[PDB]
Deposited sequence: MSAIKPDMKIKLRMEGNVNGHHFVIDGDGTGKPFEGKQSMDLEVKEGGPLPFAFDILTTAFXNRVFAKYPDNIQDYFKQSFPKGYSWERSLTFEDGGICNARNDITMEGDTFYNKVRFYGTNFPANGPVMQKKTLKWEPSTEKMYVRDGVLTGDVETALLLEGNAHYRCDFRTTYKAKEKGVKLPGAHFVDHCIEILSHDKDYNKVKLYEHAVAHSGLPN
């Protein structure tokens, strides 16, 4: 195994949402075999962000997911060369974004080069008015579409006042190394949470737990 039980995380995100430019750095640690990661995020440019921080958080690595023996782990088999992903997020009110991550490994550390581009968010909407509270727990459906490992998520952000704001993500995952075998179809359950934050979300502690399963208990 190239992957150790405790792995460091380094991350830089550059992005623009509705015109607004920003740069965010990440430093964290994770347990790839237990499916747990936590990281400290700091806005370096463009703060304070004029949109809900929550729309970024799923962009801040499926190597952090507990995979049972009976599912092929495409992500851990991708290292040390690594893998990339591209994601489209489609929100119920027309907001649309495109995120990508290129993930590499050096020694005990995953490096993440993240880009995040959002547009078409209504000025009066919960993202530009900062009304989001959290992502609900979600299930990612993994399958192969025309030779490419694909994950679909139908999810929602909880808003102030007992309302939900619906999100559909599609992610495509590609190993750098030709001939990493594609897995069979499966599920990954996700729980993502902001553990702490400062006044305008310039500093955020982020936690994710993920578990791969075949649908049964």
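Gaps in the model relative to the deposited sequence occur at 1, 62, 220, listed in sequence order.
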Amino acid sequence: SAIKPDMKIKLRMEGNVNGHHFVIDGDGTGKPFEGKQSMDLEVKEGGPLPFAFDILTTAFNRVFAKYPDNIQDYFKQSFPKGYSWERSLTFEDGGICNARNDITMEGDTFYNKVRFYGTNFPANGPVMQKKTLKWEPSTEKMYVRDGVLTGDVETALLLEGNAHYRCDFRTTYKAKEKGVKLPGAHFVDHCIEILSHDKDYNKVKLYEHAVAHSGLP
From here on, numbers count along this sequence of modelled residues.
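Relative to its counterpart among 159-167 and 39-47, 159-167 has the higher mean temperature factor, C-alpha atoms as listed in the PDB entry.
Higher mean CA temperature factor between 144-152 and 175-183: 175-183, per the PDB entry. Ranked within its chain, residue 54 lands in the lowest third, by CA B factor from the PDB record. Placement of the Cα temperature factor of residue 126 within the chain: lowest third of the modelled residues, per the deposited record. In the deposited entry, the Cα temperature factor of residue 200 sits in the top third of values across the chain's modelled residues. The PDB entry assigns residue 77 a C-alpha temperature factor belonging to the highest third of its chain's modelled residues.
In this PDB entry, the Cα temperature factor of residue 189 sits in the bottom third of its chain's modelled residues, the lowest group.
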